[PDB]
Amino acid sequence: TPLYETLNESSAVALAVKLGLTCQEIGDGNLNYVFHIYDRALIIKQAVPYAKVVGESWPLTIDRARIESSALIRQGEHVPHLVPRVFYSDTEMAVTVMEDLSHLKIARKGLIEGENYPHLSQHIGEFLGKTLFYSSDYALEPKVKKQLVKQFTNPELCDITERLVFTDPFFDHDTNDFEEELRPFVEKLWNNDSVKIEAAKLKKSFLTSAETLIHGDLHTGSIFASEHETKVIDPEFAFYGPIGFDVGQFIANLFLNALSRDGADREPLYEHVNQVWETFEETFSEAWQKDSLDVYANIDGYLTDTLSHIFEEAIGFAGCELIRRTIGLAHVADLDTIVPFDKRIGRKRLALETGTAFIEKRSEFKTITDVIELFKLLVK
Amino acid sequence: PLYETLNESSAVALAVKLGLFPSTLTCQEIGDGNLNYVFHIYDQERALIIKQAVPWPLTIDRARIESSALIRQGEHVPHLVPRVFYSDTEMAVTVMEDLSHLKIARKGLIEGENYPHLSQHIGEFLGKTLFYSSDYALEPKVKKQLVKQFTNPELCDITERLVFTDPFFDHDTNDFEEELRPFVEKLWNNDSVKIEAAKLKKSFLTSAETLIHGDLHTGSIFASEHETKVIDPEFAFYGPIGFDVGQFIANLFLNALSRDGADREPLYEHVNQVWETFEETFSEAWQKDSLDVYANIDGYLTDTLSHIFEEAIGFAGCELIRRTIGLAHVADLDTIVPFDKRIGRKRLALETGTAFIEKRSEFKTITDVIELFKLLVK
Ligand SMILES: Nc1ncnc2c1ncn2[C@@H]1O[C@H](COP(=O)(O)OP(=O)(O)CP(=O)(O)O)[C@@H](O)[C@H]1O
Ligand SMILES: Nc1ncnc2c1ncn2[C@@H]1O[C@H](COP(=O)(O)OP(=O)(O)CP(=O)(O)O)[C@@H](O)[C@H]1O
Ligand SMILES: CSC[C@H]1O[C@H](O)[C@H](O)[C@@H]1O
Ligand SMILES: CSC[C@H]1O[C@H](O)[C@H](O)[C@@H]1O
Ligand SMILES: [Mg+2]
Ligand SMILES: [Mg+2]
């Protein structure tokens, strides 16, 4: 007999009980319940099947919970201070029991509120360098890594990213969602064949480049923050993909916040972009020196060319994220809450244009500061 | 445990239990290596092959990859692979079409056979097999499952070490004449070539593009004047599209190095033709049968073919070097006489392989590859 039962606030306290109080459901979306239990505190997250499930949704099994639990556990073996601790998980119940982080704030929300989070990029850069290194062929015996590829195959969730990030914003597809005022600019994109060919190439990398175990959806809404703490949450999109992907998505979301700000307010976000590349690069390099298994690791120029490839892919993926968050199905609050309406349109236009240029020019940039300086000029 | 090692009577008992004959037959073990049995079974008033893996240490799971890979290949190019009548994982057995009327390509090629259709046939094999198991042809969710199904860790381990790693360092698996050492050490001390061998290996390790054959040499092919059959896909897994292309082209070049003068021309025609045909076939499949919205944007197919080509050339360079000084050699080079000419031709294998790896992205056409090779081997 099937063990899956949808939890309530009472059921959740019963479960925490049987794994040796007050409870409130505090979830943000409609695809998961998140139960906060207080005595010492705890979070119990449970996936909600299609099916139902209140309100329109993308149809998904509850297998995503197995990916998220196991992804979070793997991340905590390398960066235990940058992810919530997991106390229990169960794939049939689709349950992850984890550390309570409600004394922190979702990074996106704080950034929109004008919080600057001075260590956000230091922490995310460390998260990125260590997670992305330690699950690759550089760090792992290839036989071990090939099994981890099987274990983290993520078809349904990859299908979402393949469509939404890499495909739908580039044609007149039904999932797109944009203001009519934006159409002339959106059609410029659709008729641009050379950027579309490059989008195809970045997609093919996404589809085929099993380089490391990625988070797969590292935006500012998937991170908890305060002045001194950062915690990366919700790796439900985890699978073996290109190292540059998580880096690009994060960097794109820093730039998306910068577009929603004005003038000298933007400067903290530009420092965060510069710092997250800088830190990602030292962290990845330190891990490579100290912990690489291949005979080729210490040949002068090999780490350098590896970093150049990651950088190029990361900028291309960033451009995809910039564009897709502006005109695709899933938007960001940074842009959608800009006031007045005409200013919102103008900044949405600039997201499309800087995304396009990121994609096109990815392999011409030599440093992160090149990326920032191109951005600033395009958004003057 | 079910597995039992077959003998000649045991094999005939198997064939009859599958109803593939009928009832009087004869059987002889005819296997080349010592890691598999191959039983030929014949009927007066029809014939059959039963291949069985026997437990460099390797599990018998390779037999499940071989069967499955052979079956997948026959869905697209049934005329270019042996038919499979039965397979079983526990017994590690593939029952297949008898191809004893044909000759192993490498052996014919060394004897001086020219096989005029070999490259046309391999080109079609390569274009179709490599297209039709990729994301271009398959729903991504379907492809992701096939990646699991063909994960092949042990055999990929052999390739990772032998083609991509050991020839480039003073490693214990290497095996070469002492007279060749100065040239071998030129390679070990060459950083920029090794950095590039590293990149090609990283592609091998990470680039899950299609279901490849993974060991497409001239000894994995049966030939005659009119027929070609690709055998033994035991190394099959999801890897870079250019790999099987490089390994085959390198193996044509290796035979060229074992021939002299005008006798080399057939192999050069084969190299040009295998690329041409691989490219025409892959393109026709892409036009007719690609699933992505991006397939018909002008320049995309072209850029895709340019990347395949570049990788294929780099993988060819690796194969040339690896077969000359690593553990597993080729008879083309090892049987060249006199000893001194053999060493000189093995030197040219190392140097043409090195150039292929380093220049892979500078060549514009297959003709540039052939012309560079001809020049270096003058
Ligand atoms: N460990 C934790 N501690 C405290 N609150 C948490 C928490 N995990 C989740 N939450 C609360 O629940 C909200 C939703 O969390 P989460 O992003 O994991 O859910 P979700 O996966 O259903 C959303 P989506 O569909 O956007 O991916 C958070 O923004 C937060 O307020
Ligand atoms: N389908 C077939 N029809 C006729 N003979 C066949 C055959 N398959 C294999 N053989 C015979 O068996 C020999 C060895 O076969 P094969 O190359 O498949 O085995 P193998 O995998 O044991 C070799 P290796 O271990 O070197 O890769 C061939 O060279 C051929 O003479
Ligand atoms: C159907 S899910 C839409 C988006 O939400 C997730 O966070 C991913 O970013 C996905 O693209
Ligand atoms: C240890 S096996 C050596 C070689 O034989 C196979 O045919 C492959 O080419 C492998 O590299
Ligand atoms: Mg979620
Ligand atoms: Mg074999």
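This deposited entry lists X-ray crystallography as its structure determination method and 2.30 Å as its resolution.

Chemist: Sorry if this is basic, but what is going on with the coordination of the magnesium ion (ligand 5) here?
Modeler: Octahedral metal centres with six donors ideally show angles of 90 or 180 degrees, and tetrahedral centres with four donors ideally show 109.5 degrees. All names here are of chain A. Around the magnesium ion (ligand 5), the protein contributes the donor atoms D234 (OD) and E236 (OE), which lie 2.3 to 2.5 Å from the metal centre. Relative accessible area serves as the criterion here: at 16%, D234 is assigned to the buried category. Taking relative accessible area as the criterion, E236 reaches 12% and is therefore assigned buried.

Chemist: I'm lost on the pairing of strand 2 (residues 36-43) of chain B in this one. Help?
Modeler: Looking along a regular strand, one sees the side chains alternate between the two faces of the sheet. Residues and elements named next belong to chain B. Burial analysis of strand 2 places six of its eight residues in the buried class, the great majority of the element. Across five bridges, the pairing between strand 1 (residues 25-29) and strand 2 is antiparallel. Counterpart to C27 in the pairing with strand 2 is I41. Counted along the chain from strand 1 to the antiparallel partner strand 2, the turn is six residues long. By the bridge criterion, seven bridges tie strand 2 to strand 3 (residues 47-53) in an arrangement that is antiparallel. Paired with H40 across the strands is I49, a residue of strand 3.

Chemist: What should I look at first to understand the site of ligand 2 in this one?
Modeler: All names here are of chain B. Around ligand 2, the structure places 16 residues, and the nearest of them are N36, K51, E97, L99 and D232. Here an oxygen atom of ligand 2 and a side-chain polar atom of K51 are 3.0 Å apart. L99 is positioned such that a nitrogen or oxygen atom in its backbone is 2.7 Å from a nitrogen atom of ligand 2. Here ligand 2 loses 78% of its free accessible area of 640 Å² to cover by the protein chains. Counting residues per element, the ones that place at least two in the shell around ligand 2 are strand 2 and strand 3. Its residues assigned to classes, the shell around ligand 2 shows eight nonpolar, two polar and six charged.

Chemist: Any chance you could explain helix 7 (residues 183-190) of chain A here in plain terms?
Modeler: Quick reminder: α-helices carry 3.6 residues per turn. Residues three or four places apart thus point the same way. All names here are of chain A. Turning to helix 7, its buried residues are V186, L189 and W190. Axial view of helix 7: buried residues confined to an arc of 100°, hence all on one face. Counted as exposed and oriented over 90 degrees from the buried face of helix 7: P184 and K188. At its buried positions, helix 7 is contacted by helix 8 (193-208), helix 11 (302-327) and helix 13 (341-361).

Chemist: Honestly, the UniProt feature "binding site: substrate" in chain B in this entry has me stumped. Any pointers?
Modeler: Residue and element names in this part refer to chain B. Following the UniProt record, one finds the feature "binding site: substrate" at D215 and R322. These annotated residues cover 108 residues of sequence, and their C-alpha atoms lie no more than 12.9 Å from one another, placing them together at a single site. Inspection of the secondary structure puts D215 in the loop between strand 7 (210-212) and strand 8 (221-223). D215 gets classed as buried once you look at its relative accessible area, which sits at 11%. Look past the residues within four positions of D215 in its chain and what remains in contact with it is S220, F235, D244, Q247, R322 and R323.

Chemist: Whenever I open this one, the pairing of strand 4 (residues 84-88) of chain B confuses me. Can you help?
Modeler: Residue and element names in this part refer to chain B. Pairing analysis gives four bridges linking strand 4 to strand 5 (residues 93-96), with the strands arranged antiparallel. Note on strand 5: the bridge partner recorded for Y86 is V95. Taking the residues between adjacent antiparallel strands as the criterion, strand 4 and strand 5 are bridged by four residues, where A92 takes a positive phi near 60°.

Chemist: Please clarify how the coordination of the magnesium ion (ligand 6) should be interpreted in this entry.
Modeler: All names here are of chain B. All of the protein donors around the magnesium ion (ligand 6) are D232 (OD) and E234 (OE); their distances to the metal are 2.3 to 2.4 Å. When its relative accessible area of 16% is taken as the criterion, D232 is described as buried. Judged by relative accessible area, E234 falls into the buried class, the value being 11%.

Chemist: Explain the UniProt feature "binding site: ATP" in chain B here, please?
Modeler: Residue and element names in this part refer to chain B. Annotation from UniProt places "binding site: ATP" at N36, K51, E97, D98, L99, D232, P233 and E234. Mapped onto the secondary structure, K51 falls in strand 3. For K51, a relative accessible area of 12% corresponds to the buried category. In this structure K51 touches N36, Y37, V38, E66, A92, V93, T94, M96 and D232, once residues within four positions along its chain are discounted. Here the side chain of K51 touches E66 through a polar contact of 2.9 Å, side chain to side chain. Inspection of the secondary structure assignment puts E97 in the loop between strand 5 and strand 6 (103-104). Setting aside its immediate chain neighbours within four residues, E97 contacts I49, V81, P82, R83 and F85.

About the criteria used
Residues numbered from 1 in each chain as written, not as in the entry; some residues may be left out. Chains lettered and ligands numbered in written order. Heavy atoms only, no water. Residues with missing side-chain atoms left out of burial classes, pairs and counts. Donors = N, O, S within 2.8 Å, 3.2 Å for Na, K, Ca; no water. Buried < 20%, exposed > 50% of the residue type's maximum accessible area, 1.4 Å probe, protein only. Helix = DSSP H or I, 4+ residues; strand = E, 2+ residues; numbered from the N terminus. Pairing = 2+ DSSP bridges. Near = heavy atom within 4 Å. Polar contact = N/O pair within 3.5 Å; in protein donor to acceptor, adjacent residues only side chain to side chain. Areas by Shrake-Rupley, 256 points an atom, 1.4 Å probe, with all protein chains shown as cover. Nonpolar A, V, L, I, M, F, W, Y, C, P; charged D, E, K, R; others polar. Arc of directions from axis to C-beta. Contact = heavy atoms within 4.5 Å. UniProt positions renumbered as here; feature names shortened; annotations may be inferred.

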